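This is what each chain is made of:
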Amino acid sequence: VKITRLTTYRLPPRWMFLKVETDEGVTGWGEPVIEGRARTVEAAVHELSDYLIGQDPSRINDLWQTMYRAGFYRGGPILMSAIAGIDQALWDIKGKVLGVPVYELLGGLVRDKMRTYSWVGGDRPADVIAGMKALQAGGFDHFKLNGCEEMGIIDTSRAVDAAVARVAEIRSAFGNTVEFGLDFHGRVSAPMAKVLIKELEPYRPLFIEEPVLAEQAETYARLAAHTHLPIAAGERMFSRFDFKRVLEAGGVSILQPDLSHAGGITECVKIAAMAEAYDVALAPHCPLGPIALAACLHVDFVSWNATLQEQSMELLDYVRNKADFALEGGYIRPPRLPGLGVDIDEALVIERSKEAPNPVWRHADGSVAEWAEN
Amino acid sequence: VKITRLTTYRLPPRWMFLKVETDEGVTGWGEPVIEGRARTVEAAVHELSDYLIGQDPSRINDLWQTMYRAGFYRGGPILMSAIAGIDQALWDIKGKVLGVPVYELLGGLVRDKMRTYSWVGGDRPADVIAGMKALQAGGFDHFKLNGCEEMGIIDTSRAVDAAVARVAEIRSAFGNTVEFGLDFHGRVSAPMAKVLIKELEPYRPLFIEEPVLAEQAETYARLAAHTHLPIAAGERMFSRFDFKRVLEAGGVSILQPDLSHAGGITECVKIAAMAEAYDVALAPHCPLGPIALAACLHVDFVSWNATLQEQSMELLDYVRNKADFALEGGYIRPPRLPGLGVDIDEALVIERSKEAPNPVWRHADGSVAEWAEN
Amino acid sequence: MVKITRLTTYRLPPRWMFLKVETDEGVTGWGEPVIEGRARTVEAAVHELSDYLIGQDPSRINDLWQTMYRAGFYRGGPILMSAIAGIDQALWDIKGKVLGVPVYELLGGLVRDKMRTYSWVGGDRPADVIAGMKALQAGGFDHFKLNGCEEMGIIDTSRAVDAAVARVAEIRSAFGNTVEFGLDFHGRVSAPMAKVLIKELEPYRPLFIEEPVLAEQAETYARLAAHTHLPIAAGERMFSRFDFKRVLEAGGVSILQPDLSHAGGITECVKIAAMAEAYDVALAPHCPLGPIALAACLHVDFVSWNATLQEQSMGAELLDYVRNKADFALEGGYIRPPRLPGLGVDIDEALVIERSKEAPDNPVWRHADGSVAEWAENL
Amino acid sequence: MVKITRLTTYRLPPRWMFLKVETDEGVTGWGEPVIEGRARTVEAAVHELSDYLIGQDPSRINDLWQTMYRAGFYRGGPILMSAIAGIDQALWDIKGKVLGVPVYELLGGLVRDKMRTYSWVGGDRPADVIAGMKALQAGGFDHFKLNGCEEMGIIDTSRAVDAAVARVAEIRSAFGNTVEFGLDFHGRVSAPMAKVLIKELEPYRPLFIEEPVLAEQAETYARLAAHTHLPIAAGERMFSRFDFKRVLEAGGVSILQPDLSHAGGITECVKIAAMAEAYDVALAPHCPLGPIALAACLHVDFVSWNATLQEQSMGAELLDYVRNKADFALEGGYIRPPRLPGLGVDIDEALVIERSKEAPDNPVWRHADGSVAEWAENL
Ligand SMILES: [Cl-]
Ligand SMILES: [Cl-]
Ligand SMILES: [Cl-]
Ligand SMILES: [Cl-]
Ligand SMILES: [Mg+2]
Ligand SMILES: [Mg+2]
Ligand SMILES: [Mg+2]
Ligand SMILES: [Mg+2]
């Protein structure tokens, strides 16, 4: 069995799918993070395919290590994202060849179902409430909201108060019936960080995600020593050494490794087991497509320390087996089909790739602002 | 091109200007810190001019290093202040020779405008409010006030309460509409430090500047671990090693390097870039004259991590290009003219130097009190 | 305002990539990213970063650097920082030509008059290395860099330690203390064999041991250095200032070697050099093989007081795309400051284009057991 | 109350500055700031600090010391602490004369009967150094200080390491373990060459290695000391007690050498010596060349139990402005306690004035590459 071809497909949202074909006619699918540097990531995939074409896809460990360390410097945001997509597809192949879901190869189930939380948006606080009340009747009680009331940076007491007032209004609609985490995207100024966290404390969010962009992991420990609220982080980390430093410093209660960024299944299973050695909950980050979500589920269903799973609900378009990702009580069931358990509509992928379409945010003073999402 | 002459000029407030002349007729201006030891600083300048006369002013790096390390022990408060003034003038020369503002030589703009805050005084709390309300209609919303209600030391609960009552009355006049930082000048006793900071917390100042005079940088970290309020410091630091120790200990959210004290542009650009490596905002300290303010602006407009700029508004007297330092919305624009962007009235400098004029504060017990400002 | 119009890349024969940034006032800057091994990815990175550049004023290098670094994506890494490094070199080249001066003049002027260089010497046998060293020595050189291992492969046996030492011993016998050499091991020593190799190399007094192991933790270098009197050199695998700070905070590295074509260019490397000054370390920039990036290195050396040595690769081959070859001539192992405005390279653009037409494109080395060896410069 | 009337400074020929503090009861004290290299700045500092002194009671030395140190300006630094040191010496001189006793009597009395001295020996060649050492040895000396390097310049090569060692080796052969010598390197060793030089000096057993490198971080000394059995001496570049505490907290310095003319005078140096006692360190004050400041050193030695050695520079030249020369005579390398009230110096004021009329006024040394070398005592 040998790898024959790699193809990438840019798709209408901020998605890229890749397809690994083999001489046995077994096809794997992976999904890299691209938001922002789509053409670079695409080039990385095709450069790394030199190490794959005519190799046995079953040696995932060998292929992972070759891509990561054998031909270049160790990967950062671009290469680790490319390696992640390829890794996902090799696992898809392996599970298809052996006729079982990926979690079965990785020791089998450690749980029967997995708790999920959803991201909820809205321009007004009333809009956010409405969306949460909709998903609540659907069966959810765990949510993730943007902490930022408006677009920009939290600079002033006035900006802190407005952000807290929004959170207050949202909390008063539910009390302790629902849980929500707040993601600030690192868009809080260093002087405001501690006062904001303190002002949110009465309204008790489940976590605070990325209050600031840390240069040293000591600042998360310094922030956490001030608050009862759990600090969540991990989406901007790729190396195992990024995670180890964050975990050894402490101050991060909830770790959020992205499957599509941190080197894939091969690597995220290791990050999960490293997280166990510290007193830290695991909540794998994935708001991407269906291939990457499925990849996350396989890590969730083998790692005992995984507690919550992020999903963005769209990703039902390119998948034929939509019912496998149905949610009851805010819980997802294990993938059912061999490999990653996603039946990809290859034809609908091919046709929509034929059409191919992020701005710079700046402060008032004109200075460039650190990257966030929409 | 060669340096021909250095002249110092003592001026009516607590200011000294220096003037570096060249054989091409290109003149640079610098401004050292002197408050207090004016004759010593003046002597330092003229002793260091032995390393300058007949040298190419373009080798600022060489001249800086020669002054700092080649003929004596490494500088403290006096020599670093002298070096700072000379450094500013060599940068003024260089920018004049190449016909561009200083920030252009240092990589160009990282921002379009710079946020400023002003110092506001007043004997009564009502006077302080009035001055703030005046500048607010002018366009300001960021201020810096003395924390000390009266002249002396914060020793007692009665002294803490009076200082907090003053701050309370000021805050109630504005709410969260304006921001203000409190400068205590290190005039709080070590037992009172923590209770005062805690009592000010409801009224949420933007920062607390120099609550105590630290002997070890561990005490700022110990103070900051107790409070949500940001600790600002840096005006009493000269060496890069003073700043590094403060930054590595943590507990200082806002760094305040003085351009006219910490070795000038050559050195403060380095302090700025070092501050980036820690999670610390930069607010360069300058309440002096127009040459030093201009020098600060050039550091602000090249360093991404600079957030607020102190200005004392007088310094419009000796400058012919007053409109270049106009403030809209509490924002300053980049310097426009070559060099530092200050057109110095040399004649008005020369004539007012012909007339040349700080007391010891003591506690009740007779003991000498650590230096502060008026 | 002056506006950037176009970025163009040129893959060239000794696996180099040249970058050309054009402006609408006819002023052109040149940059050089290092591409070894991932040429197409870096090329794609350069063109994607150009989106933040076309139509913008090239004089705002700080703004543009920050925009490329943090605005549209996650920070840093070996691909993006190499791309940013090349753009940075060209932007500063523009700034110097506009203001009619070399880059070092903008960065505060000269801190020295000339810069000590050293070169890498090769050869399979010690006799060859000696001869090459003597050939350069007659031309005034007395500082050198060598590979620590005779051929490709990991040092994981006493036999391999002994053979590496014997080679170095024989090289040392021909010169005594009359020359200095550093030894680069490219991280190809097993962590069990590291301390014994280092110890066995002590009587032969190399100036440094560069990259003995690939350190996962920063404390690794500090533990090696506490065992030996020999200086440890590192830096080429570090891409952000914050990677450099960590290693400097741990101690154990005596000589820091930032790459100008990898660690974000002049803008970031002047800050790295400044950061290193607050530690007891010597600075010796890991300079890439090409001339544009060599020029970038020199500008950093001529403004950083703590810069002591400068690696370069001269033959007869580096000076082919450069018309002003005499500006980079060496006397007594020293290079003069760049003379022409900007980076100080007059680039033969017509040769660059000519040879970009004829340039084609990953050597993966494996241990005897079949597992991949971590990548080395030997490729 | 008794009032200070006047301060007067006197620049004198071997680049010394004497300070004279007068009172309205006719009691005069003498002090000595070290000025090397910034004479006019320190002179101006002394006269500006006099503003806090004129009209004040000289007996309140603690109040006055604190006033000069913290009241009117930012603290400390090499200029102000040297000026404060000179004023402190004179104030205590006043106090001792008023109470009719030596300074050590005020500071708790004698802790020893005599103080072990050592002297610096010079000479370009080892043969000269040996001869000078033998000349002092015949006079009962057995402890010495030498410069570690043959001439001015940085040790940055194996060749320079080897030559420095060979010199020390040859000096050691003439004596064996019969004499002790320390080696001062004045911070003129590159941080890569530091550990190898120190290691190569171990068989020749110097009593200490003084200032091998200029430590940016305090951890530098601790890292050097963990490699060697040789004691590291430091202290001359430290001006505040808090600089001393940091270095002592880091460890790695076995012998602390505070300068009495630089670190705030007697008032601060007795506290520095007290602070050092709580660490496993020997105290050996870096005494300046002049006699007034030498007297100040002795008073600290004769009250501090942890003071072990005392550096002095005797010919034939130190004793010129001192009338009571026999009070500072040496027997077997030992000095007796000062005998006269105050600091114990009878100052020939009329010679001081005479020679102050005829005294004129910065040697900047550069590396081969043209950059400035960090300042050394050799100037
Ligand atoms: Cl990467
Ligand atoms: Cl000073
Ligand atoms: Cl990257
Ligand atoms: Cl000083
Ligand atoms: Mg997030
Ligand atoms: Mg202040
Ligand atoms: Mg190398
Ligand atoms: Mg000495």
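- Determination of this PDB entry was carried out by X-ray crystallography to a resolution of 2.30 Å, according to the record.

### Here's the deal with the packing of helix α5 (residues 125-138) of chain A against helix α6 (residues 157-172) of chain A
Any two packed helices are characterised by how steeply their axes cross, that is the angle between the axes, and by the distance between the axes.
All names here are of chain A.
Here comes step 1: α6 packs onto α5 with a crossing angle of 35 degrees between their chain directions and a minimal axis gap of 9 Å. For the crossing formed where α5 meets α6, the hand is right-handed. Between α5, through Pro125, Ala126, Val128, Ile129 and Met132, and α6, the contact on the second element is made entirely by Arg166, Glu169 and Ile170.
Here comes step 2: Residue composition of the contact of α5 with α6, by class: 6 nonpolar, no polar and 2 charged.

### Brief notes about the UniProt feature "binding site: Mg(2+)" in chain A
Here comes step 1: When the UniProt feature table is mapped onto this chain numbering, "binding site: Mg(2+)" sits at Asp183(A), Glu209(A) and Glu235(A). Over a stretch of 53 residues, the named residues converge on one spot in the fold, their C-alpha atoms separated by at most 11.5 Å.
Here comes step 2: Taking relative accessible area as the criterion, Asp183(A) reaches 2% and is therefore assigned buried.
Here comes step 3: Leave out the neighbours within four places in its chain, and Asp183(A) touches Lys144(A), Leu145(A), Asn146(A), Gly147(A), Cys148(A), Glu209(A) and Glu235(A).
Here comes step 4: Within the structure, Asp183(A) has its side chain in polar contact with the side chain of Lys144(A) (distance 3.5 Å).
Here comes step 5: Take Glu235(A): it is sitting in the loop between β8 (231-233) and α9 (240-249).
Here comes step 6: In this structure, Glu235(A) is in contact with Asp183(A), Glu209(A), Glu210(A), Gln256(A), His261(A), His285(A), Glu373(A) and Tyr74(C), ignoring residues within four places of it in sequence.

### A look at the interface of chain B and chain D
Here comes step 1: Taken together, the 47 residues of chain B in the interface contact 45 residues of chain D.
Here comes step 2: Contact between chain B and chain D buries roughly 4,300 Å² in total, counting both sides, with carbon and sulfur atoms accounting for 53%.
Here comes step 3: Per-residue buried area on chain B facing chain D is highest for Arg37(B), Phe72(B) and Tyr73(B); these three make up 21% of the total on that side.
Here comes step 4: On the surface where chain B and chain D come into contact, there are 8 salt bridges.
Here comes step 5: A salt bridge links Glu215(B) to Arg75(D); the nearest nitrogen and oxygen atoms lie 3.0 Å apart.
Here comes step 6: Put simply, the parts of the chain that give the side of chain B that touches chain D at least two residues each are α1 (38-48), α2 (60-70), α3 (77-98) and α9 (240-249) of chain B.
Here comes step 7: Ranked by residue count, the leading element in the side of chain B that touches chain D is α1(B), at 7 residues.

### Considering the sheet that holds strand β2 (residues 15-22) of chain B
The strands making up a sheet are joined through hydrogen bonds of the backbone, oriented either antiparallel or parallel.
All names here are of chain B.
Here comes step 1: With respect to topology, 3 strands assemble into an open sheet ordered β1-β2-β3, the strand pairing being antiparallel. Pairing within the sheet leaves two strands with one partner each, and these edge strands are β1 (3-11) and β3 (28-30). If you compare each strand with its neighbour and ignore which way they point, the axes differ by 20 degrees on average.
Here comes step 2: As judged from the 3 bridges shared by β2 and β3, these two strands associate in the antiparallel manner. Among the inter-strand pairings, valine 20 is bridged to a residue of β3, identified as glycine 28.
Here comes step 3: Here α3 sits on the sheet and contacts β1, β2 and β3; the angle it forms with β3, its principal contact strand, is near 150 degrees.

### Focus: the UniProt feature "active site" in chain C
Residue and element names in this part refer to chain C.
Here comes step 1: The residues that UniProt annotates with the feature "active site" are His186 and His286. These residues run over 101 residues, yet every pair of their C-alpha atoms falls within 12.9 Å of each other.
Here comes step 2: Along the chain, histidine 186 falls in the loop between β6 (180-184) and α7 (194-200).
Here comes step 3: Its relative accessible area of 5% is what places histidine 186 among the buried residues.
Here comes step 4: Along the chain, the position of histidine 286 falls in the loop between β10 (282-283) and α11 (291-301).

### Some points on the domain arrangement of chain A
Residues and elements named next belong to chain A.
Here comes step 1: Here chain A is partitioned into domain 1 (1-101 + 337-374) and domain 2 (102-336).
Here comes step 2: Here the C-alpha centroids of domain 1 and domain 2 sit 23 Å apart.
Here comes step 3: Residue-level contacts link 47 residues of domain 1 with 44 residues of domain 2.
Here comes step 4: A buried area of about 4,000 Å², summed over both sides, lies between domain 1 and domain 2, and 63% of it is on carbon and sulfur atoms.
Here comes step 5: In terms of surface lost to domain 2, no three residues of domain 1 exceed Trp15, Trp91 and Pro101, which account for 16% of the buried area on that side.
Here comes step 6: Put simply, domain 1 and domain 2 have 1 salt bridge between them.
Here comes step 7: We note a salt bridge from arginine 320 to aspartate 343, for which the minimum N-O separation is 2.8 Å.
Here comes step 8: On the surface where domain 1 and domain 2 come into contact, there are 21 residue pairs in polar contact.
Here comes step 9: Within the residue set of the side of domain 1 that touches domain 2, elements represented by two or more residues are β2 (15-22), β3 (28-30), α2 (60-70), α3 (77-98) and α12 (346-353).
Here comes step 10: Sort the elements by how many residues they give to the side of domain 1 that touches domain 2 and α3 lands first, with 11 residues.

### Examining helix α10 (residues 265-276) of chain C
Residues and elements named next belong to chain C.
Here comes step 1: If you check α10, its first and last C-alpha atoms are 16 Å apart, about what 12 residues at 1.5 Å a residue would give, namely 16 Å.
Here comes step 2: Most of α10 sits inside the fold, with 11 of its 12 residues counted as buried.
Here comes step 3: Listed as buried for α10 are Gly265, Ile266, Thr267, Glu268, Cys269, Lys271, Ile272, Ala273, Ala274, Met275 and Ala276.

### Structural notes on the interface of chain C and chain A
Here comes step 1: Every contact between the two is made by 45 residues of chain C and, on the other side, 47 residues of chain A.
Here comes step 2: Note on chain C versus chain A: buried area summed over both sides is about 4,300 Å², and carbon and sulfur give 53% of it.
Here comes step 3: On the chain C side of the interface with chain A, the three residues burying the most area are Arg38(C), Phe73(C) and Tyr74(C), jointly 20% of the side's total.
Here comes step 4: If you look at where chain C meets chain A, you find 8 salt bridges.
Here comes step 5: Salt-bridge contacts for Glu216(C) lead to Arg74(A); the nearest nitrogen and oxygen are separated by 2.9 Å.
Here comes step 6: Taken together, chain C and chain A are joined by 25 residue pairs in polar contact.
Here comes step 7: Secondary structure elements with two or more residues in the side of chain C that touches chain A: α1 (39-49), α2 (61-71), α3 (77-98) and α9 (241-250) of chain C.
Here comes step 8: The dominant element in the side of chain C that touches chain A, judged by the number of residues it contributes, is α1(C), at 7 residues.
Here comes step 9: Its residues assigned to classes, the side of chain C that touches chain A comprises 20 nonpolar, 10 polar and 15 charged.

How each quantity is defined
Residues numbered from 1 in each chain as written, not as in the entry; some residues may be left out. Chains lettered and ligands numbered in written order. Part of a larger assembly, values for the part shown. Heavy atoms only, no water. Residues with missing side-chain atoms left out of burial classes, pairs and counts. Axes fitted to C-alpha atoms, helices over the stretch in contact; angles between N-to-C directions. Helix = DSSP H or I, 4+ residues; strand = E, 2+ residues; numbered from the N terminus. Left-handed = near helix turned anticlockwise from the far one by under 90°. Contact = heavy atoms within 4.5 Å. Nonpolar A, V, L, I, M, F, W, Y, C, P; charged D, E, K, R; others polar. UniProt positions renumbered as here; feature names shortened; annotations may be inferred. Buried < 20%, exposed > 50% of the residue type's maximum accessible area, 1.4 Å probe, protein only. Polar contact = N/O pair within 3.5 Å; in protein donor to acceptor, adjacent residues only side chain to side chain. Buried area = accessible area lost by both parts, 1.4 Å probe. Salt bridge = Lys/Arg side-chain N within 4 Å of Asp/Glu carboxyl O. Pairing = 2+ DSSP bridges. Domains from an automatic or database assignment. Expected span 1.5 Å × (residues − 1).

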